[PDB]
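To start, the structure itself, in C-alpha cells.
There are 4 protein chains.
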Amino acid sequence: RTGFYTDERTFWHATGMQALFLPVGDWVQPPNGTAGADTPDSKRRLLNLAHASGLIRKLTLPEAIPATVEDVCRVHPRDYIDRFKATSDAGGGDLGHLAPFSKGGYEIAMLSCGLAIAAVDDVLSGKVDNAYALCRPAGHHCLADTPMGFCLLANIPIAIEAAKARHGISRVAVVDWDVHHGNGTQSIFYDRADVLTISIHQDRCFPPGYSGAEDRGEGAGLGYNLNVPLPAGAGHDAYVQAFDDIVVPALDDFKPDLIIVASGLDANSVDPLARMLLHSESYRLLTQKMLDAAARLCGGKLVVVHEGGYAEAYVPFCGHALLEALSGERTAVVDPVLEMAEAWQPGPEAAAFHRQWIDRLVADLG
Amino acid sequence: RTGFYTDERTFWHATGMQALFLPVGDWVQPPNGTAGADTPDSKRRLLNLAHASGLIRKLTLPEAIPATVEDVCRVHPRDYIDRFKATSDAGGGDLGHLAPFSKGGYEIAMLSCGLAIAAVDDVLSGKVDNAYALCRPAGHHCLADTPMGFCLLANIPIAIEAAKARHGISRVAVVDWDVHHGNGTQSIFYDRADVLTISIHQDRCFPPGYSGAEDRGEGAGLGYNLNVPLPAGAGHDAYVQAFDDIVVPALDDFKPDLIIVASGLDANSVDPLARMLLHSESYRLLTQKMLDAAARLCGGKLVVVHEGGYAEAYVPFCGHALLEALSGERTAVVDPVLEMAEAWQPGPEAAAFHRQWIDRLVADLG
Amino acid sequence: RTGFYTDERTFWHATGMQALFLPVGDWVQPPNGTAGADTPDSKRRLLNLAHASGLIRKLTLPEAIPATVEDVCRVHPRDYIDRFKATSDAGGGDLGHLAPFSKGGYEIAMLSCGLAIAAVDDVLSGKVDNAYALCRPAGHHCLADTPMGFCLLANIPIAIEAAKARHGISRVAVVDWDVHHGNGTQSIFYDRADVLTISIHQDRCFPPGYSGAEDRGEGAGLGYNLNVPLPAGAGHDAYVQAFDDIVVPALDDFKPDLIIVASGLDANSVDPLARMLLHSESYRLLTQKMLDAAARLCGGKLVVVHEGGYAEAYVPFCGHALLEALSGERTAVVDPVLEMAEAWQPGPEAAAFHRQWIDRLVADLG
Amino acid sequence: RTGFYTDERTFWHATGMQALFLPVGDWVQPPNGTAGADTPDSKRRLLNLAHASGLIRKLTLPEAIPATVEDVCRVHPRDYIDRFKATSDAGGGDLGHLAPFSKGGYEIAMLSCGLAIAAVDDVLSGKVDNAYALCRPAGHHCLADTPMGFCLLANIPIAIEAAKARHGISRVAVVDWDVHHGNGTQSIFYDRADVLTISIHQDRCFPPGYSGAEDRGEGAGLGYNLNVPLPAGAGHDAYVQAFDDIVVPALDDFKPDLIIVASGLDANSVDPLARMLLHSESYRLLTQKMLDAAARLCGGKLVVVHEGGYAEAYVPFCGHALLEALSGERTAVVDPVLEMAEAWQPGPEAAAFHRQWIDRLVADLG
Ligand SMILES: O=C(CCCCCCC(=O)Nc1ccccc1)NO
Ligand SMILES: O=C(CCCCCCC(=O)Nc1ccccc1)NO
Ligand SMILES: CCCCCCCC(=O)O
Ligand SMILES: CCCCCCCC(=O)O
Ligand SMILES: [K+]
Ligand SMILES: [K+]
Ligand SMILES: [K+]
Ligand SMILES: [K+]
Ligand SMILES: [Zn+2]
Ligand SMILES: [Zn+2]
Ligand SMILES: [Zn+2]
Ligand SMILES: [Zn+2]
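Residue numbers (the authors' numbering), protein chains in the order written: chain B, 3 to 368; chain A, 3 to 368; chain D, 3 to 368; chain C, 3 to 368.
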C-alpha cells in the first residue's frame, strides 16, 4: 500500500509577481499569464492527473499534519523560524536567496513540511509500505539558517530528525534526483555518517557554478556525501548508468534503514529550469530501481518527497509514471510526449561522452 | 540605419487550446494560464522591451505590407493557399504537422510573411542598411505544400523569390540559428545553387530524430545545403566555434549578395522547447559575426527574420542584444540572467566534447 | 448528512479560445490570461475553498457515476447525442448557440450530468439528507435538441426523468436562481404539471431580451412555470422579497416531493456576466429558505445543482456560505468582500423601485 | 488633429499578487491566470485594437515626457512623493487605501502623469485640437496626501495646475464618467471656483457607500462640485439623460476654457467592478456631446484622460468608439457585443425609474 500526502493549501503558496524566476521591475515586464516559476499548477496538475486516471482512489490519503515549531527547530534555529513567522504575518518577503513567499507562507510551509514528516512516520510505523509527499514549497536547497531556491524549510532533514526522535532510526539514505544540487541536505548532514546524502544534478546549474564531486563530507561524515554532477543535455541512458554505476552501489554499501527520494521532476525534457532529457519512463525506471533497493536493503521502506519541476504540461506525466511504479498500479494513462522525447535522446557520440563522464566519476570515487 | 518590420496583428495569431504544444483532450488538462507554446507574448515581449529601452525610436518602422497570393505562390501551390484561406474562414484548424491556427490565421500569416518580403526588399533597394522582421507565425519548417511546426507559410523562401523577381539578386545565403532544423528552407532550395541554406540546430530535436550533416543538397544544389547539428547542452563557446569553423567559412566560399538570418531565440538557456545554453550576449556576438560577414561579402546587406523562441521572460533580453548589435545602438538595458547563465556554461570536460564534435563536422566536410 | 458530488474531470472541460465569451478572430484579440468565461477555476476555486476551510471533511463525497445514454435520451433525441459524441471524438465544436466544447467534451458532459443524477437519486433513496452537485458544464439553458449558453446536456431535467423512472416521484419543483433564465428547464417541462419550474433572473439578460413573466406554461402545464425577472442592479433585499412574496408561496401551493435548486452564483456583486448585487450572505439566506421549505414540504429533500458563476475571486465565498447553510456547519471562513458589498446595496429610492417591481409581479400572478 | 499620449512602460505597472482586487493570503487563493484587477491588458488591449483598425495611424503620438517633481508637488506634499519614491526603490508596497504598486512603480506613475500633463499642454498650445491620454496608473481617487483605489498620483489635477502655470488658464471643467466617484478630483478643488468638478458614478460603489449629490463645494468652491450618482443597473438612456439634463447645462453655465473628461470605461455592460449597462455606442455618443460642448464653449479644446475599466474583452470596443468620435474617423471595427448589449438595456419600468431618479437630482439642484 502507498500513502499519498497532500493538502489543498500547499497550492495556495505564491512566490509573488515574477516573470518566470525574475522579479518584476527594472527591465523585467510583469507577466500576463500565471506569475512565477514555482506555480501552483506546476504541482497541482500532477495530482489532477492522478485523480483523472483513477490512481488516487488506489492510494491512501491521510489528513495532513503540519510540522510543529519543535519539529522544524531540530534543524533550523528558532530565530529563523520566528523571523519567518513575523515576515509572513506582515505580508510576505524573502529571507534568503531566491526564496520569496506571500502573506501566510509560513503556515503553508509548516504544512508542506508536515507532509514529509508524516510520510516518513507512517512508513516507519508500518501503516503503509511506501509513500509520496506532494510538498510545496520544496525543501532541498534550504540551509539551516538560510532559505534558498524556492525552499523555505528543510523538509527532508526535518522529517529525518523527527524520525530519529520518534523511532530512533539509525541510517537514512537520501537520493536527490531533482535536477538541481541538494545543497541544503548536503550542508545539514555534512559531518554526519548516519545520513547518506546523494545528489544527481545538472553540472553548474543551481547553485550556479557548483559541481561538487570532490565534496564527500567532513569529519565523521567523510564518505557520506555523494555528488553526481551530469552534463547539460544528458538523458535517459546517462541517468540509468549513473544509478547503476554510482547511486545503487553507494546505497548497497551504506545499508540504509530507510531510503528517501528527493524527487524533483525538473530533469524532464521540456523543463525551463534545466537542460536535461528525461521522460516519463525515465522516472518509472528510476523509481523501480529505488523500489528494488528498498526491498533488498530496508524491508521496502521508501519515501518519495516532491521537490522541483516547472513544466506544467509535462511534469504530470513524469510524476504519474513514478506514482504507478511506487504503488504498483496500472492505469490507462498514455504519455503523448514519450515518442518524441525518445527521438530526442542523445545519439552515439553524445552517449559515449556521457558514458566516459560517468566512468570518470566512478574512477575518482577510488 | 536599421529597419524594424512589425505589425500589431502578428500578436493576434493564436494556435488554440493547447497546454504548451499539447492539444487539450484525453490526458492533457487545459491550461489555466496562457494557452499554447507559441504565445503572443513570447514575441511581443521583445518589442515591448525595445520600446521601454528607447531602442525602437532609433529604428525606422515602415507600415506593414502583407504578402500577396502571387508572392506566396512563388513557393506554395495555389491549392494549399486556397485550402488555408477556406479553413481559416471556417474557424481555423491544422493543415500540416503541428501547425494549428485560429480563425483569421490566414490573413495574419500573409501579413507576417509580408514583413520578411519588405525587410529584404528595403535592404536590397538601399532604404536601410539592415533590417529585422518580427515575423509571427514563423516560417522555416513550412514545406511548399505542408505547414509544420508552428510555420504556416515559408516566410524567408517567399521573401527570397520576391527579391529575385523584383531585384534579380543572384546568390542568397540563409543562416538559420533557430534551435530547430530549418527543414522548410532546406527542402525548397535543395536542388538549387543560388541559395545557400545553413541550419545550426539541436541534434535530433525538431523534426524529431533528424541530424542531417550528410544532407548537402542534390543536383545543381549539391554543396549548397549545410547542416550543423550540435549536441543538446551546447552553449556559448560551442556556437561561437561552430560559426568560426563552419558557418563563416561557408559564407566566404559562397560569396552571397545578401545574407538572411533565420533568427529563432529558442537556443536560450531557459527555453522549454530545446536544451541549449545560449545567453543574451551569445546573440549579440553571433549578430556581430553576421554583420562582419555582410560587410565583407555583400555591402552590409543583412536581414534578420524572427522564427522561434518560447521563454517569455528571457527571449526579450536575447533579442534586444541582437537588435543593439544590428543597429549599433547603446541603451541602459542590463540582462538580469546573464551572470547566472555565464555560470551555467559547460565546464572543461563538456567543452572538450563540443570541440571534438565540431572538429568532426569540419573533417566530414572535407 | 450532506452529499457533495464532484469529479476532477469536470474541471477539464474547456470552451476553447475565447476572450471572455467572445470567439477569437475578426476584431477580438486572443486573451493572454485564462481563455474563456466558463473557466475551470470559476468552479474549482469553490471546491478549493471548501477543502481549505475543512468543510469538505464534514461532507460525504460519493464516487461519480456518469449518465448513461438511456439517461440522457429520456430528454434528448438520440440523434443529438450521437452527433455530440462524434463531434467530441473528432476534436470538439459547437452544436448550438454559444455552447463550445473541446475534444472529449462528450464524456465530461455525461460525467457532469451523472453528478446531478446521483445527487437526486441519493437524496430520494435516503443515503443523504440533502446534496450539492458541482456540475460543469452546466445545464439549465440546454434544450431537448439544442445546446446553448455553455450548457451541453439538460442536467436537471435528466436527473428528474431518471428519478421518475427509479422512484416514481410525483411532484418536483426547480428553483433556478442562476442569474440567467432557465429556458431549457422551462421548455422541457412547459406542458407538464408534475414539474414546477421557477426562474429568477436578470430582466433581458440571457437569452437576451427575454423577461417571461407572462409565460406560465401550456396545456396541463398552465400554472406550472413561473418567471421572476428582476431589474439589473437588484441586490440582497430585492431577492429576499422575491423569495418571500413569490417563490416560497409558489412552493407552498405546489407541494413538491423534492426541491431542486439550479444554483448559479453569477448574481454575485462582481460577476462580469450580469449586473446583480448579491453577496455571500444572500446565498446563505436563500439556501436557508430552501432548507426551511424542504423541511416543511418534502421531508428535507433538497438538491442543489451548480449552474453558472464567473467571478473567480468571489464565487468561492458565495458558494461556501451556501454549503455552510446546506450542511448546517460553520467554518472560520470570513468573506473579505462582505462589508463593501453591503455598502454597495441599493439605497432607499432604488429599494422602493424594487418593491414596486416585485409587487407588480405579485399582482399580475392574479 | 487628435493627439494620443501613450508609453509602453505604463503597461509595466503591476499592482501585485491579487485575485481581482483581493490580496492573496488568508482565505483568498492566488489566481492562476493574470493577477489583479487593474491588469496591463485591461488598458493595452484598447491600444492594440486602435493599432489593428488603422486608427492609430490617423492620430499624432508624441514622445512621453514624465511629470517633474515640481509638477506633482503643485498638488502633493513633497513628503508623500519622497516616501513613494523610497518605497518604490525598495520593492513596492501600498501607501494608501487599495493602491498597491511594484518595484519602480514611482517612475511609471510619474510617466503616466506626464501623459495627462502633455495632453492638456499641447491642446492649450494649439498643437492638436483634442487629445487622449492613456494613463496607467489612473488618477481620479488620489488625494493630495493619500493614494487610493489604484491611483498613485492625481493625474488630472496635476495636469490642471501645470496648465495654470504654463498657460494662465482661468476655468477648467472636469467631466468624470468613470463609473466610480472621482473623490480625488473633488477633494483637491473642493474650495475652488476655477475648476468645476463633475462626477457621474454608480451610487454607493467606490468609495463604498458614497452618493454625494449634496456635496456641492465649500467656500469659494460652493457650486463648483457636482456629483451625479446613478443607480446600479442604469444604462445607455440613463447616461444620455444625465448628460442632457445635468452635465451639459452645468458646462454651459460654467463657461470653461478647457474641458477634460476623466474617462473610465468601467460603466461598460460586463465590467466586474460596477453594475452599469453602457455599450460602445454609449461612449461614442457621450464623447460627441463633449466634442459639441467644447466646440460651443472653448474652441474645441477637449482632453480625454483614461482612468478605470476592467473588462479586458469589452473595454477595447468602448474606447475605440470613443477614439473614433474624438478623432472624427471611421474604421471597419464592428462591436460584436453591441446587439446583445442593446437587448440588455432596461425595459420601460426601469427606464421610468431612471428618468424619475434624474428628474429628482435636477430638482434638488434648484
Ligand atoms: O522551430 C520551431 C518549431 C518548434 C516545434 C517544437 C516541437 C513541438 C512538438 O513536436 N510537439 C508535439 C509533439 C507530439 C504531439 C503533439 C505536439 N520553433 O521555433
Ligand atoms: O476608479 C477606480 C477604482 C476602483 C476600485 C474598486 C476596488 C474595490 C475595493 O475597494 N475592494 C476591496 C475592499 C476591501 C478589501 C479589499 C478590496 N477604478 O477605475
Ligand atoms: C534557475 C534559477 C532558480 C532555480 C531554482 C531551483 C529550485 C529547485 O531545486 O527546483
Ligand atoms: C453572454 C452572457 C451569458 C452567456 C451564457 C451564460 C450561461 C449561464 O451561466 O447561465
Ligand atoms: K539533485
Ligand atoms: K536552425
Ligand atoms: K434563473
Ligand atoms: K465618475
Ligand atoms: Zn529543482
Ligand atoms: Zn525553433
Ligand atoms: Zn448563468
Ligand atoms: Zn473606475
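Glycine is no exception: its CB is placed at the ideal position from the N, C-alpha and C atoms.
Residue i versus residue j: straight-line alpha-carbon distance, rounded
i      : j      : result
B/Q20  : B/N34  : 11 Å
B/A54  : C/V77  : 58 Å
C/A146 : C/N229 : 20 Å
D/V122 : D/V177 : 14 Å
A/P258 : C/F86  : 56 Å
C/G106 : C/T89  : 9 Å
B/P64  : B/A165 : 18 Å
D/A234 : D/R168 : 41 Å
B/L97  : B/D73  : 20 Å
D/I160 : D/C115 : 8 Å
B/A345 : D/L267 : 48 Å
C/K60  : C/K129 : 15 Å
Burial state of residue i, where buried means 16 or more other Cβ atoms lie within 10 Å
i      : result
D/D124 : buried
D/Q347 : buried
C/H99  : exposed
B/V30  : buried
C/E326 : buried
C/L324 : buried
C/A140 : buried
A/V339 : buried
B/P32  : buried
B/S127 : exposed
C/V305 : buried
Min CB distance residue i to chain A below 8 Å
i      : result
D/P79  : no
B/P348 : yes
Beta carbon proximity, residue i to chain D, threshold 8 Å
i      : result
A/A39  : no
B/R298 : no
C-beta neighbour in chain B for residue i, strict 8 Å
i      : result
A/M342 : yes
A/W29  : yes
C/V26  : yes
C/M112 : no
A/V272 : yes
C/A16  : yes
Residue i at chain C interface by Cβ criterion, 8 Å
i      : result
D/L267 : no
B/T36  : yes
Cβ separation of residue i and residue j, assumed to be a contact under 8 Å, to the nearest whole Å
i      : j      : result
B/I158 : B/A118 : 6 Å
C/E309 : C/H142 : 5 Å
Cβ contact (3+ pairs, closer than 8 Å) linking the region 47 to 63 of chain A and the region 4 to 21 of chain C: yes
Quick one: any contact between the region 212 to 232 of chain A and the region 180 to 188 of chain A, if contact means 3 or more CB pairs under 8 Å? yes
Counting Cβ pairs closer than 8 Å, one from the region 293 to 302 of chain B and one from the region 210 to 225 of chain B, do we hit at least three? no
Pairs of beta-carbons, one from the region 347 to 360 of chain D and one from the region 35 to 45 of chain C, closer than 8 Å: are there three or more? no
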